[PDB]
Each structure stands twice: as C-alpha cells, then as structure tokens.
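# Commentary on secondary and tertiary structure
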Amino acid sequence: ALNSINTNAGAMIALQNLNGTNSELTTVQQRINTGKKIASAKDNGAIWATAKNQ
Amino acid sequence: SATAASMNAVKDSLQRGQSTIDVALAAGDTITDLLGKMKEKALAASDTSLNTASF
Amino acid sequence: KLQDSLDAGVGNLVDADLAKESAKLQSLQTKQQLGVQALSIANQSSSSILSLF
C-alpha cells in the first residue's frame with residue numbers, strides 16, 4: 001500500500017538477495033576448504049562417480 | 001460519488017492480478033534455471049567417447 | 001520465495017494508508033469542534049421569547 005505499517009516487500013526482497021549471496025559464499029568457501037570443484041556427490045554426480053572409479 | 005466507490009472496488013482486483021503474476025514469475029525463474037541445467041546434462045551426454053556407466 | 005510473496009500479497013489486500021487517515025483525523029477533529037459550537041449556537045434559540053413578555 002506504500003504506507004502499510006504491517007508489511008513491506010522491500011525488506012523481503014532484500015532478505016532474499018542477501019540469502020542468495022550467503023549461499024554463494026558457502027559454495028566458494030567449500031571450494032577453498034576442499035581444494036576442488038566437485039568434492040561431494042552433490043556438486044556433480046556424474047563427474048564425481050567417474051573420478052572415484054578412475 | 002457512486003463511481004468513486006466503484007473505483008475503490010476496482011483497485012483490489014488490479015492488485016490481485018499483480019500478485020498472481022508475481023507467483024508465476026518466481027516459478028518461471030526456477031524453471032529457466034532447471035532448463036539450463038538440463039541442456040548442460042544433455043550436451044555432456046551427447047559424447048560418443050563416454051563409458052557405458054556414465055551415460 | 002513463495003511464502004514471502006503470499007505475505008506481501010495479503011498485506012497488499014488488507015493494509016491501510018495511514019497518511020490519509022491523519023488528514024481525515026485532523027479534518028474530523030476540527031469538524032467536531034465546529035459541530036459542537038454550531039449545536040451550542042442552535043440550542044440558544046427560543047431564549048428570546050422571554051423578552052417579549
């Protein structure tokens with residue numbers, strides 16, 4: 001309503017973008033800790049299985 | 001003045017339409033990301049030098 | 001994302017615009033003080049009949 005005192009979409013959208021950035025930071029920190037792109041089976045299943053077998 | 005009251009009735013329907021389109025747009029963004037990933041998978045599998053167990 | 005959207009939508013439906021109520025409130029307080037003075041003015045009618053007798 002642009003004057004509503006019960007809600008505001010700006011805060012929700014700002015929250016969503018902040019959480020997106022936090023998830024990206026999680027991924028990069030994982031990449032740094034392990035030293036490789038595909039560490040677990042969640043990153044990429046096909047390539048992970050291939051590397052294990054190889 | 002009856003007409004001004006009716007305009008007050010119209011604005012809510014316009015707002016409801018906006019809301020439905022936002023829900024659709026969110027779902028659409030998710031769908032486009034999934035389609036990109038599917039293209040990547042299909043492209044990777046189109047390789048003829050691949051093992052039988054990776055396909 | 002969906003829960004945020006639903007909350008925002010419900011608020012869009014049933015939220016007020018306080019800026020309009022402030023103006024309306026000021027106007028109504030002035031109008032009520034005025035209506036009281038008007039009623040008090042109207043009450044004192046018929047008080048002049050005594051002077052006739």
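Residues numbered from 1 in each chain as written, not as in the entry; some residues may be left out. Chains lettered and ligands numbered in written order. Part of a larger assembly, values for the part shown. Heavy atoms only, no water.

As stated in the entry header, the method of structure determination is cryo-EM and the reported resolution is 3.4 Å.

### What to know about the overall build of chain C
The helix and strand tally for chain C stands at three helices and zero strands. Along chain C, helices (α) and strands (β) appear in the sequence α-α-α when read from the amino end. Taking 2.2 N^0.38 as the reference for a compact globule, 53 residues should give roughly 10 Å; the C-alpha atoms of chain C span a radius of gyration of 24 Å, well beyond that estimate. Once the C-alpha set of chain C is aligned to its principal axes, its extents read approximately 85 × 15 × 5 Å. A buried classification covers 9% of the 53 residues belonging to chain C. Accessible surface for chain C amounts to roughly 4600 Å². Of this, 64% is attributable to carbon and sulfur atoms. For chain C, the centre of its 4 positive side-chain charges and the centre of its 5 negative side-chain charges are spaced 11 Å apart. (Helix = DSSP H or I, 4+ residues; strand = E, 2+ residues; numbered from the N terminus. Rg over C-alpha atoms; globule rule 2.2 N^0.38 Å. Buried < 20%, exposed > 50% of the residue type's maximum accessible area, 1.4 Å probe, protein only. Areas by Shrake-Rupley, 256 points an atom, 1.4 Å probe, with all protein chains shown as cover. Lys, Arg positive; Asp, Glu negative; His and termini not counted. Charge placed at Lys NZ, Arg CZ, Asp CG, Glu CD.)

### Notes on the overall build of chain A
A tally of helices and strands in chain A yields two helices and zero strands. The C-alpha radius of gyration computed for chain A amounts to 19 Å, which surpasses the reference 10 Å derived for 54 residues by more than 25%, pointing to a less compact arrangement than a globule. When burial is assessed residue by residue, chain A has 7% of its 54 residues classed as buried. Looking at chain A as shown, the accessible area adds up to about 4500 Å², and 56% of this sits on carbon and sulfur atoms.

### So, a nonpolar patch on the surface
Side chains of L25(A), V28(A) and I32(A) sit close together on the surface and give an oily, nonpolar patch of about 290 Å² of accessible area. Within the element layout of this structure, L25(A) appears in helix α1 (residues 9–34). (Patch = residues over 30% accessible without salt bridge, like charges linked within 9 Å, V, L, I, M, F, W, Y side chains within 5 Å. Salt bridge = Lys/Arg side-chain N within 4 Å of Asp/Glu carboxyl O.)

### Notes on unusual backbone geometry
Positive phi values are uncommon outside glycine, yet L2(A) reaches one of about 70°. If you check the backbone angles, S46(C) has positive phi at about 65° while not being a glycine. In this structure, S46(C) sits in the loop between α2 (18–43) and α3 (49–52).

### Quick word on the interface of chain C and chain A
A common measure of how large an interface is: the accessible area buried when the components associate. Tallying the contact residues gives eleven residues for chain C and eight residues for chain A. Between chain C and chain A, roughly 830 Å² of surface is buried when both sides are summed, and carbon and sulfur atoms account for 52% of that area. Its largest share of buried area at the contact with chain A, chain C owes to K1(C), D4(C) and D15(C), together 47% of the area lost on that side. At the junction of chain C and chain A, the tally comes to zero salt bridges. Connecting chain C to chain A are three residue pairs in polar contact. (Contact = heavy atoms within 4.5 Å. Buried area = accessible area lost by both parts, 1.4 Å probe. Polar contact = N/O pair within 3.5 Å; in protein donor to acceptor, adjacent residues only side chain to side chain.)

### A closer look at the side chain of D15(C)
As for its position among the elements, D15(C) is in the loop between α1 (2–14) and α2. As a buried residue without a salt bridge, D15(C) has its nearest oppositely charged side chain in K11(B), at a separation of 14 Å. Polar contacts involving the side chain of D15(C) include one to the side chain of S4(A), which spans 3.1 Å.

### Description of the environment of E40(B)
In this fold, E40(B) is placed in helix α1 (residues 2–45). Sequence separation of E40(B) and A9(B) is 31 residues, and the distance between their C-alpha atoms is 49 Å.

### A short note on the environment of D4(C)
Note that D4(C) resides in helix α1. Between the alpha carbons of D4(C) and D17(C) there is a distance of 21 Å; along the sequence they are 13 residues apart. In this view, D4(C) contacts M12(A) and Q16(A); residues no more than four positions away in its chain are not counted.

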